[PDB]
Amino acid sequence: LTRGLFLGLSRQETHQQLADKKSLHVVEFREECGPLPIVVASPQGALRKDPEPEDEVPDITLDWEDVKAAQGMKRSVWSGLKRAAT
Amino acid sequence: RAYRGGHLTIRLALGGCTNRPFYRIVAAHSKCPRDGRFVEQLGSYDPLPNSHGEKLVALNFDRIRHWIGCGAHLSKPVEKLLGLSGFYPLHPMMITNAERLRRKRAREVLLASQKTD
Amino acid sequence: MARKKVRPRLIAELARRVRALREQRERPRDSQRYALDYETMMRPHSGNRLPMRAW
Amino acid sequence: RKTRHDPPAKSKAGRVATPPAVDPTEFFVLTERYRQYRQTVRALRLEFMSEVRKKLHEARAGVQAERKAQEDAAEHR
Amino acid sequence: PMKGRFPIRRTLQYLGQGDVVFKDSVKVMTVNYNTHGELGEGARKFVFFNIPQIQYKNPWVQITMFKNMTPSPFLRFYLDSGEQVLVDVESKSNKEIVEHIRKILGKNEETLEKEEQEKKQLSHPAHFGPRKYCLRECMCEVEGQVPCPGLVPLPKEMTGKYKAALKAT
Amino acid sequence: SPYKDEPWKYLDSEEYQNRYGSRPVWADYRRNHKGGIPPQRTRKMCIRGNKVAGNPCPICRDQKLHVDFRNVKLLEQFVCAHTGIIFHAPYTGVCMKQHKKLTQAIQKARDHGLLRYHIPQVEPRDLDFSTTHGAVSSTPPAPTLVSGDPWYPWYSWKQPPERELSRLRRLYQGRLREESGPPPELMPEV
Amino acid sequence: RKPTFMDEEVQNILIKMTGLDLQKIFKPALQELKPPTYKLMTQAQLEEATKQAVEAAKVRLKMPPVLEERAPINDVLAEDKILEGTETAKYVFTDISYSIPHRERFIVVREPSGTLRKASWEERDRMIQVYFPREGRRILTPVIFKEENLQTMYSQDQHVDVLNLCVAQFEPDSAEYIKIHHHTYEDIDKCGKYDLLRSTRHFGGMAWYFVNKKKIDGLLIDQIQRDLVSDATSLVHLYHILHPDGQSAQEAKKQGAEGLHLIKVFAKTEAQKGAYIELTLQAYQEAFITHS
Amino acid sequence: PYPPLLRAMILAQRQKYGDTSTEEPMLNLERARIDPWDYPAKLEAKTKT
RNA sequence: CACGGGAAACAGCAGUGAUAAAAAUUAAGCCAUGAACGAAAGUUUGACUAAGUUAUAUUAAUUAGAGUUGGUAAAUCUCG
RNA sequence: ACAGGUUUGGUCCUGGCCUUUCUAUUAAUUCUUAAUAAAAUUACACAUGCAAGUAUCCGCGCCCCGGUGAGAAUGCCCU
Ligand SMILES: [Mg+2]
Ligand SMILES: [Mg+2]
Ligand SMILES: [Mg+2]
Ligand SMILES: [Mg+2]
Ligand SMILES: [Mg+2]
Ligand SMILES: [Mg+2]
Ligand SMILES: [Mg+2]
Ligand SMILES: [Mg+2]
Ligand SMILES: [Mg+2]
Ligand SMILES: [Mg+2]
Ligand SMILES: [Mg+2]
Ligand SMILES: [Mg+2]
Ligand SMILES: [Mg+2]
Ligand SMILES: [Mg+2]
Ligand SMILES: [Mg+2]
Ligand SMILES: [Mg+2]
Ligand SMILES: [Mg+2]
Ligand SMILES: [Zn+2]
Ligand SMILES: [Zn+2]
């Protein structure tokens, strides 16, 4: 558990690394701040004039758990339980 | 459920809590239970005077007269209420009971002045 | 409604016809029907007692 | 409540209803009130019946219903 | 959901978000396509992607596929009048087929918005009853009124026991 | 407690700053329970009369803490900073009595503007505002009203013809009741 | 043809004066938070998103209607003297039908006195809230609108919140809507706090109120100390539109005054404090010309 | 007369549509005629039309 | 199923035997709602209203007792 | 599920069982007062009382309400 954990946290990709490898502006949309486009990262070096190819339907691996969560099929009496502070 | 007969009726369904009554004005079949199934809810009547000294009655007048327009019979307190609103003429018994009350007040006034002596 | 195994109740029809027949045959003459006891104010046929205001 | 085939009580057997004492004046005034009232309410009810007639026929065979029909058929072709 | 090639399309969200709503004339849609050729491509993609979306919002419309019957891909719509719409889809993209079909027999956003507007006037804010159908149950819960006695026990006088115990004596 | 009328004072005191530091009041307190998951509601009340029960809450172990609508420094701790929602009692570890007390107090303080919360942007209630319509604007009073007459003729008590009263006296005879005259115009009090 | 709040001239002047601050317009809100979303954009797409957010902020900036006070409703629909001593309380009959506009609903009251009369304004609104609830409205009027609570909220400079609270709670033509809006304007005037309402949808409210009450002083001083003189001259201009015949408007017609000189004209002819205005205009002019 | 509220409703309603006539709205009782209870009812079954 | 036949019916309110780990009043009113009948005053209604009973559950205070203390899992000392 | 205990001399894996949460009945031990809610072993047998009448006669009502879950995969939704 801890080896796997530290590996997974070490493998993190910073917004800056992403910005730099795609050469694009990575822009965050808060739900509480509405449509306002906060720019988190900018690609130091030369920005692209090429837009990202738009995929109508994306191909991503999905976990049946997250999907079951989103659609409210998780009824577990253990999940919603109130616990003490962090 | 299927019945033999009976009519469309606008009445008072008793919603409520012990010593605290409330009424849902309701378009119902006549033979189904009081608080039970209904065709449509019309309005609501709060018997108890609130903070401002008010009994609140809400009436959906469009649908009320749609249903009376379909030949729905009114209950006596429904009648009394519509007449109190001025949507209907005052029910004769409102007026008659008003008179009976006035005469009771008169005879109690005289009895008061007779007992004082 | 319709379920494929539904049973054919015969005696429903029989009771219907038989009751209609025994209704028409035993149908009371209105002579005995509205017949009245004037002392008790009581119909013999219906066992009904008449209204006071009608006495 | 009781049933058609449920026999009536032994105590309720020899009893029939006793009508109230009639105050002639007030009674008469009342009868008039009710006739007037019921006449009025009858007129109102017929008013409302007419209303329902109108609204139903207009929402069925009326102007914009026909407009909808023709326009939709047109767009279709 | 894990299994499948494009698992996202088995998601409730993806199915909901596909927008085509047939007119009430449409009963049957028949897709006839090919499993080979470069031209038939878009048609295949259509069958693979939007057919599920479509059918989800048009639950009562029969949809049927036929593979490698005709040398060319096409749609056929069967209406209530007996009218047969034949839509040739050949070198057309997936999206183009969808937009073209939505064009022919769709429902204008006006139509749909009016429909949902009629469905949203069905629940009336002023009524009282079950939490399922109504915003409120008692009128105990409306601010200025008298409270549910199971929250705030009533003054002795408004109690029927006190009134009866008074009329008795 | 000496503070009383001025609760906020204690939160600015040096003994408070000494004891709790800059962390919340409840941050160090831990709830003892039978298993991995705590009971879904905390203990009811931790002080019964003179007896203070076991390991007491954050709030009720320190008596100089006062729950009012007034001291916003105390109440702040029991509201989320970012989400502006009140924590449930298990989260903090307060006893049920005091959790309810806190909820009510925070309510009164938000109603007195002493505590910040989200006030959303709403449109006007009406689309078009016109006092024109006959509902809001005065109507041209009926010919019955301008005179001072009952809205319908039969609202007023009218004495019946004597032949009709005698006919009724013949119908209901022996079942009869004392005839009643006109109603008194206005009704007097006791 | 007396100038109104909704006149395109007044609207454009006040939209201009308000200003778009996308950071104050769109601010983190105390509602429940969900994890942020990320997308990869060109400079182009970023510009597009920015402009859309701007339009949304325009919609956000839409002004609350200012109406003069409504006239008290007294109308008696009937009197039945027969019903005089029958009830201790009053019956309130609200027409609830979903199609009817809320200005057009029939709210009637049977009194104990027997008179069938129309409901007053407060009872009418209270009843509409009861039967057609919309969020933000307490049926009983909130404690926060007492003078003590309002003063406390002013001390914490919550004025924008006070105005939103009043907007949702009361009605634009009501007595308390106007009472509170005006009292608030009065305090932002007393304290020189105007910048609080700057990018707010609430700016043109105090704008119009200050033009109609003829105190432009603190707002001009403020606008010029913020180094915005285009807004100060748009403001004097607005003063001239809403006071067409007056010594400053006529003298600005005469002198053919350019914007800065228009502010000088108004400084001279009308404004209660000309010393502060001319000194601040002096300072701004000299300092700005020397710096740039 | 119309009952007071119903009357007011009619008035406001025609006022909305630009009808200025102040002519009093009147309830027509012609078909509101009812027989007294003494009037004998027909025992003959109704022919449905 | 109900012509017929067993046979003599509380699965209306109260009750009672039997049975089960399983235990509400053989109670008061039609005053309010609803229903029936009446042209109507009105009458009837164990529906229902208001009460009686019971820690079954919430809540409020006047009210202190139960369980547990090797680990999971909060908490122990001396004897037998 | 935010999980935890338990296989072995020991580790890892696989894999059950149990613990921790919530509700309802019953039982045991304890029990001061109110209010509200709810009242539930039994389609076995039932003493007694009451539960449908109104109305100038005709008539109109009289498992409608109320009861129960025995039966039937019965059925939900929709024509
Ligand atoms: Mg109850
Ligand atoms: Mg009879
Ligand atoms: Mg029983
Ligand atoms: Mg029975
Ligand atoms: Mg027994
Ligand atoms: Mg016992
Ligand atoms: Mg009754
Ligand atoms: Mg009665
Ligand atoms: Mg009784
Ligand atoms: Mg208990
Ligand atoms: Mg395990
Ligand atoms: Mg092993
Ligand atoms: Mg071992
Ligand atoms: Mg027990
Ligand atoms: Mg029990
Ligand atoms: Mg049932
Ligand atoms: Mg079977
Ligand atoms: Zn309640
Ligand atoms: Zn505590």
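Residues numbered from 1 in each chain as written, not as in the entry; some residues may be left out. Chains lettered and ligands numbered in written order. Part of a larger assembly, values for the part shown. Heavy atoms only, no water.

Looking at the method and resolution fields of the entry, one finds cryo-EM and 3.2 Å.

Every one of the 47 residues lining RNA strand J counts as a neighbour, but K31 of chain B, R3 and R33 of chain C together with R1 and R15 of chain D are closest to it. Atoms of RNA strand J within 4 Å of the protein: sugar and phosphate make up 60%, bases the balance. A distance of 2.8 Å separates a phosphate oxygen of RNA strand J from a polar atom in the side chain of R1 of chain B. Here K31 of chain B contributes a backbone N or O atom positioned 2.2 Å from a sugar or linking oxygen of RNA strand J. Residue composition of the surface near RNA strand J, grouped by class: 20 nonpolar, ten polar and 17 charged. (Near = heavy atom within 4 Å. Polar contact = N/O pair within 3.5 Å; in protein donor to acceptor, adjacent residues only side chain to side chain. Nonpolar A, V, L, I, M, F, W, Y, C, P; charged D, E, K, R; others polar.)

Attention shifts here to the interface of chain D and chain H. Taken together, the ten residues of chain D in the interface contact eleven residues of chain H. Counting the surface lost from both chain D and chain H, the interface buries some 840 Å², and carbon and sulfur atoms represent 72% of this. On the chain D side of the contact with chain H, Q39, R42 and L44 of chain D bury the most area, a combined 49% of that side's loss. Taken together, chain D and chain H are joined by zero salt bridges. Broken down by class, the residue content of the side of chain D that touches chain H amounts to four nonpolar, three polar and three charged. (Contact = heavy atoms within 4.5 Å. Buried area = accessible area lost by both parts, 1.4 Å probe. Salt bridge = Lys/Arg side-chain N within 4 Å of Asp/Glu carboxyl O.)

Buried together is how nonpolar side chains tend to be arranged in soluble globular proteins. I10, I68, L82, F87 and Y88 of chain B are the most contacted members of the largest nonpolar core, which has 51 residues in total. Look past the residues within four positions of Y88 of chain B in its chain and what remains in contact with it is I68, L74, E79, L82 and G83 of chain B, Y37, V41, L44, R45 and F48 of chain D together with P3 of chain H. Grouped together as the second largest cluster of nonpolar side chains are 42 residues, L14, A232, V236 and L281 of chain G included. (Core = buried A, V, L, I, M, F, W, Y, C linked by side-chain atoms within 4.5 Å. Buried < 20%, exposed > 50% of the residue type's maximum accessible area, 1.4 Å probe, protein only.)

A separate point is the protein's contact with RNA strand I. The environment of RNA strand I is formed by 45 residues, the closest being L12 of chain B, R22 and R53 of chain C, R38 of chain D together with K161 of chain E. For RNA strand I, the backbone portion of the atoms within 4 Å of the protein, that is sugar and phosphate, comes to 67%. The separation between a sugar or linking oxygen of RNA strand I and a polar main-chain atom of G160 of chain E is 3.5 Å. The contact in question runs from a phosphate oxygen of RNA strand I to an N or O atom on the side chain of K161 of chain E, over 2.4 Å. It is helix α1 (residues 11-25) of chain C that provides the largest number of residues to the surface near RNA strand I, a total of six residues. Residues of the surface near RNA strand I, tallied by class, amount to 17 nonpolar, twelve polar and 16 charged. (Helix = DSSP H or I, 4+ residues; strand = E, 2+ residues; numbered from the N terminus.)

In this assembly, 17 pairs of chains are in contact, and the pair with the greatest number of contacts comprises chains F and G. Structurally, chain A and chain B remain out of contact, their C-alpha atoms never closer than 31 Å. What separates chain C from chain H at the closest point of their C-alpha atoms is a distance of 15 Å, and the two make no contact.

Right, let's talk about the sheet that holds strand β2 (residues 20-29) of chain B for a bit. Strand order in the open sheet made by the nine strands is β5(B)-β1(B)-β2(B)-β3(B)-β4(B)-β3(G)-β4(G)-β5(G)-β2(G), with mixed pairing throughout. At either end of the open sheet lies a strand with only one pairing partner, and these are β5 (73-74) of chain B together with β2 (76-79) of chain G. Note that strand β3 (residues 90-95) of chain G and strand β4 (residues 107-110) of chain G share four bridges and pair antiparallel. The residue of β4 of chain G that forms the bridge with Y91 of chain G is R110 of chain G. Its contacts with the sheet place helix α1 (residues 4-16) of chain H against β2, β3, β4 and β5 (115-118) of chain G, and it is angled at close to 155 degrees to β2 of chain G. (Pairing = 2+ DSSP bridges. Axes fitted to C-alpha atoms, helices over the stretch in contact; angles between N-to-C directions.)

Let's shift gears to the interface of chain G and chain F. Interface extent is often summarised as the accessible area lost during association of the parts. In this complex, chain G contributes 49 residues to the contact, which on the side of chain F involves 36 residues. Contact between chain G and chain F buries roughly 3,800 Å² in total, counting both sides, with carbon and sulfur atoms accounting for 54%. At the junction of chain G and chain F, the tally comes to five salt bridges. In this structure, the salt-bridge partner of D157 of chain G is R116 of chain F, at a minimum N-O distance of 4.0 Å. Elements that contribute at least two residues to the side of chain G that touches chain F include exactly β2, α4 (121-131), α5 (147-155) and α6 (159-169) of chain G. Counting residues per element, the side of chain G that touches chain F draws most heavily on α6 of chain G, at five residues. Of the residues contributing to the side of chain G that touches chain F, the split by class is 20 nonpolar, nine polar and 20 charged.

Moving on to the sheet that holds strand β4 (residues 84-88) of chain E. Residue and element names in this part refer to chain E. Pairing within the open sheet is mixed, and its four strands lie in the order β2-β1-β3-β4. Each edge of the open sheet is held by one strand with a lone partner, namely β2 (62-67) and β4. Going from strand to strand, the sheet's axes swing by 15 degrees on average, the running direction of each strand aside. Bridge analysis of strand β1 (residues 26-33) against strand β3 (residues 74-79) gives six bridges, and the strand direction is antiparallel. If you follow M29 over to β3, its bridge partner there is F77.

Let us look at the side chain of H243 of chain G. Its location among the elements puts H243 of chain G in the loop between α10 (229-242) and α11 (247-254). Each residue touching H243 of chain G, except ones within four places of it in the same chain, is listed here: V211, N212, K214 and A249 of chain G.

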